[PDB]
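**Q** Here you go, one structure.
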Ligand SMILES: Nc1nc2c(ncn2[C@@H]2O[C@H](COP(=O)(O)CP(=O)(O)OP(=O)(O)O)[C@@H](O)[C@H]2O)c(=O)[nH]1
Ligand SMILES: Nc1nc2c(ncn2[C@@H]2O[C@H](COP(=O)(O)OP(=O)(O)OP(=O)(O)O)[C@@H](O)[C@H]2O)c(=O)[nH]1
Ligand SMILES: Nc1nc2c(ncn2[C@@H]2O[C@H](COP(=O)(O)OP(=O)(O)OP(=O)(O)O)[C@@H](O)[C@H]2O)c(=O)[nH]1
Ligand SMILES: [Mg+2]
Ligand SMILES: [Mg+2]
């Protein structure tokens, strides 16, 4: 039981899924040709005589990134119809990914996903990896998420997305896209883990001492966070945290489900011999502003609910000690209507290490997911960017030329504004 | 394809044709008996077994000049039918060659030219070689160009003319004919390269150091200009210029098609050693007042458009540099309404050298064809001579007796005065 | 020329511009497409559709229902090209019949309806529709008022005088309306 | 001229608002 | 400048327009 | 899958396309007969974007070679990598256009254009999922300019939803070779404004400067110029033909570098370009790539970017590079030069990365700029145009071939309007 289905959309999601599936395979002893010389059930399906096929679906409206996987080292793992690919990409256009280029693939990926779900008996929820700033990852994911919400309904949809950085950006029309997809994440998602690339760059260059890191490193880090999230299904530990009880504890009001993820300890193998990475040390490194996966200041807001996912050699006594210390920190302030503000899941399996990675072999690890009001700041800056370009109606002819309206621009902006205001309001005390 | 039919009329024309055809034969390796032990296709037809018959038609109202051809070294070249002749010359009379005697033999040469034009699939046009001073080369050439314009229509007709000298005149009635010929060269020709003998005499005696030259040297130089004109047709090079390109860039308005031709470098064999006749030097030489082939001062006018035909070892970059230097000169002034006024053609085949000739061997050659208002001066002086003789009605009875009217003289006079006024007008700036 | 955006809108109301019904023919809501004066300073293709359809319908009825039969309302993009090619050719013909009195129509002005270049075409279009109805609703004994208006006068005093005559006519005729509807 | 302009436009817009 | 005589000619145009429009209706209304 | 059909016209366009096909054949590992002989397997993955496959494992370019003089057809056929092209794709006339626009557009090109449309229909239906067209021509002549313009109009009429790229070379005031260049240039720009999706403005003067100053070639030829242009041409579509860490096709670049429909005139550039003697003193890194690519003396169009503002810039990097380096460098460019960038667009730079470096180098970069300073390029022409048209000089050829004076008026007015639009957005 306790299965889950992963949907990897767009190039960002497909590559993040490359990292994620390499990780799961190493974790469970499953070879890239499928064979394994139980727990694997949460991600893999046993196909006849020793063949564990991942419970995932790769999508792109473009052939290239999927072809890398078809010809890669993991060709014998995914079964051919799981890898769905189109002909021409959305080309950095929400309207293409959603309305014109998107409608041709949607029934195919939906048929595949339904065939995937008819094989699992305790489906927990969907994990959707994508990117806000892209064309496919924004529009086609909007479409897919709306359709999934109609069909399956009460299933929990968790999305892990690459939110656009403040200064470092790769595309020009990016703000536009990032706004329209918000109109979906409010309604058709249950918990949205936004992650910025600039923050992971700073994490790499400060912690792992990698001067020039590429997308593979960042994808390894995101994969590690995902593994830490679902370990409580895949392993046994002192305190397990499901997905439903996790969502019960982390989300106080329906609209408020945009927590921040942070993994620790992320150090190079060399500074690791000198560090005494106790439970307290990594527990505290989680609450530092520099170890954040998104560019924001936790000091600039108040926390609402935190979940600590400990992995490895962790006893409950020192967890209680560390949580009491954090409680006695004034730089870390909390809302008042959450007197107890910590969920604790403790797990036995230490974090596995991928060959060729930068992270070391450590015994204890923490994944902290914190619903803080400070995330509002992020949205703020992106909105400002929008209102620059939209003031001239720049690039809008591409969108309205593809089946869009301007009313949708206006509605998406009004929605993001109401979301920000709801965050600012929930923050305040009484 | 790309064939052109060169009509040689009158004594001057037939002799300039002897020169031109000696040159072309030696150029394409075709022996004087027609055999060649492609490119030749423009000027020769390949009849039967390696026998090439030139696409020319020698005419004259007198047989002796054609009889020398028929008895000369090239008797085996022109098949007999093309060397058309009458019995009595026009005796320096326009009215005889145009009305009296031309009417008997216009049809013969017309039948021959029609036969020639039928055998070519890509006719470019006609190259009429004649003199202005004689009776045939003025009268019969006028009659021929009239009939050819009625017959062939839009075919481009480039005439190469021997215009009288300001000082040295070998005929007395010459101005008269040279004036009546104008009434044709305006309407029925497309480009008229007038050339004066006195200027070639001065060019010889100065550049070539030939103490007393005869007509053979002059005809050699003229043939060199003709070959440089048609080189972009026969051989391949960097930038190519057809006949229509030439006419498009060189002719600003219909009535204005009288360009000055000049050549560089025409040095001795002995002088060629001490000089390094690079592109810059020959390009500056083309613009020198003493190197023109007609007597006039190009400083006294304004250039309207000029075509540079480079030949041999010529790269485009130094062509550009030399042209920029010509532009930044103050004495070479250009009309305002032509800001870009240089056409450039570059051919790969260097200029050949006839045995027994006067020119040396050079690796680069330039033929400049310039439209400058200065040519008006030429007409002026000759017109004055007309206005002198018509003052006394001298030699007019010879014209009236053979079917000419004095109204025709008055009409040619008005037409040439209008042409001068048109040049004076087109010169002026806004 | 701010009055160009002004007289246009007034002249827009001159044809009886009702922002509601003319938005209702397109099957879309008003809240998503703003009308009025400050509507074409930026690219605004919806207001473009609406005003252009009203302006083409006010001048012609049957041929308008013909050339815009397979187009309006151009909600999709395959049928949009029909609108953009049926309107551009007509505007080009209209500009060629008048010549220098019209801006040269360019299809590129229709790829993004906005900026002063679109407002210029729109004002001259409105003028043309006004005039070709002053050519038909003015009396046969008064058709010259049309050409009297096409006579591009250059002196200000005569312009003053012409306005003066027209405005006294305006006052008297609006007063006679009251007499007729009340008495 | 501006006075006649204003009287003009005002009468125009207000008479347009007559039902 | 020309912009003011164009303002005048435009307002003359509007006067003529609306006047003729209300005339063609009042003639109908009186009959 | 995303096939591109290429079209050449005129002597300039034909020679530049010949260089392009040489370099691209070298890239995918095609030999002069069409027989694949490369080492890596990637080279065969997307060979089909440019090469049809004929029987026996030979590959034929999907190109249509057009002209009005057969001399260019013979010259292309006889060159190296000349025997690749299909013989049925050489569509030539018999006279030539004589640098007359009216002849290329109305009289002879109008008669020849039907054969060209037939060949492009055959080639385009032959392909699986077309993505657009590439017209390589020059604007100064009659065949190139006017013929390619008629061809572009017809193509847009038949396939309205495709991409339309042009690598048109523009005249330059200094290095001029024709008297009637302004006329043809204006008349062609008028239609390029409407019927294309993105126009890469090259200029011979700029390439001569690149060769003289940067490469320090003593005597450059047209071969070196065409080589530079072909380098850019292939650099644009590397991502179509090869994988990478951030892909970018042609419609992506079109959606990113064009804010408004009319502003689709770009200036290209390439890096690294070093001499031979200066090569061993250079560190081939991402900083040096970006510093060279954002220099004004490296642009392939004779317009100084310092005189305007970059509306948008695209950088296509090739090789194994870090994304942190690329992004830090782009942000550095933008922050140090904040005045050369407009303000109502944050993050003007789009970046893409392909994993395969060009032949012989370990990494490279291609640059595309949508800048307001390109308006200078047009103003020059306009001035020259007016200076002639006022007197109506050389107008009788264009008139005798059937044109009008009203057409010259419209062409001038449209060029002026494009200039006004660019200048307006410059602020
Ligand atoms: N960068 C390059 N420019 C070239 C090249 N070849 C020619 N040109 C320039 O292009 C300009 C004219 O181009 P074309 O010869 O193609 C004129 P086209 O043949 O298309 O019309 P017509 O020849 O008049 O029929 C002229 O300035 C040339 O110097 C070249 O190979 N590379
Ligand atoms: N962390 C991370 N970010 C990526 C990755 N790939 C792309 N991105 C980022 O995600 C955004 C672009 O998203 P894309 O994947 O390129 O867009 P898309 O889903 O392909 O939609 P299309 O434009 O149609 O391809 C930029 O921030 C990119 O820098 C990746 O592998 N890892
Ligand atoms: N440059 C040059 N001029 C020549 C040549 N032969 C004759 N002329 C000149 O041409 C002018 C006379 O024209 P002609 O050709 O002799 O007269 P024609 O064509 O025979 O006509 P008729 O008088 O009827 O015999 C004089 O200037 C002659 O000196 C020549 O070979 N070269
Ligand atoms: Mg004689
Ligand atoms: Mg040519």
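The first residue you see is number 1, and the count goes up from there.
From the backbone N, Cα and C atoms, a Cβ is placed for every residue, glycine too.
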**Q** Based on Swiss-Prot, name the residue from A:170, A:248, A:262 that is recorded for the same GTP site as A:11, A:62, A:131, A:135, A:136, A:197, A:219.
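**A** According to Swiss-Prot, the candidate sharing the GTP site with A:11, A:62, A:131, A:135, A:136, A:197, A:219 is A:170.
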**Q** How big is the Cα-to-Cα gap, in Å, between residue A:197 (GTP binding site) and residue A:39 (phosphoserine)?
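**A** Pair distance, Cα basis, whole Å: 32 Å.
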**Q** CA-CA, which of the recorded positions A:11, A:135, A:170, A:273 lies nearest residue A:361 (ubiquitin cross-link)?
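**A** Comparing Cα positions, the candidate nearest residue A:361 (ubiquitin cross-link) turns out to be A:273.
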**Q** Between residue A:37 and residue A:38 there are 9 residues with no coordinates; how far apart are their CA atoms in Å?
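**A** It comes out to 14 Å between the two Cα positions.
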**Q** According to DSSP, collapsed to three classes, what secondary structure does residue A:11 (GTP binding site) have?
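**A** In the DSSP reduction, residue A:11 (GTP binding site) maps to helix.
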**Q** In whole Å, how far is residue A:135 (GTP binding site) from residue A:223 (phosphoserine) when you measure between their Cα atoms?
**A** 23
**Q** Give the maximum pairwise CA distance in Å, whole number, for the residues A:11, A:62, A:131, A:135, A:136, A:170, A:197, A:219 listed as binding GTP.
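**A** Value for the max Cα separation, rounded to a whole number: 23 Å.
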**Q** Filter the recorded positions A:11, A:39, A:62, A:245, A:330 down to the ones with a Cβ under 8 Å from chain F's Cβ atoms, keeping sequence order.
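**A** Filtering A:11, A:39, A:62, A:245, A:330 for a Cβ under 8 Å from chain F leaves A:11, A:62.
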**Q** Let me know how many other Cβ atoms fall within 10 Å of the Cβ of residue A:430 (phosphoserine).
**A** 5
**Q** Out of A:170, A:273, A:430, which recorded positions have CB atoms lying under 6 Å from ligand 2?
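**A** Listed by sequence, the hits are A:170.
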**Q** Quick one: among the recorded positions A:136, A:223, which has the most Cβ atoms sitting within 10 Å of its own Cβ?
**A** A:136
**Q** Going by C-alpha distance, which of the modified residues A:39, A:273, A:330 is nearest to residue A:136 (GTP binding site)?
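**A** So, spelling it out, the nearest of the modified residues is A:39.
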**Q** By CA-CA distance, flag whichever of A:39, A:273, A:330, A:430 among the modified residues is nearest to residue A:131 (GTP binding site).
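**A** Spatially nearest to residue A:131 (GTP binding site) by Cα position is A:39.
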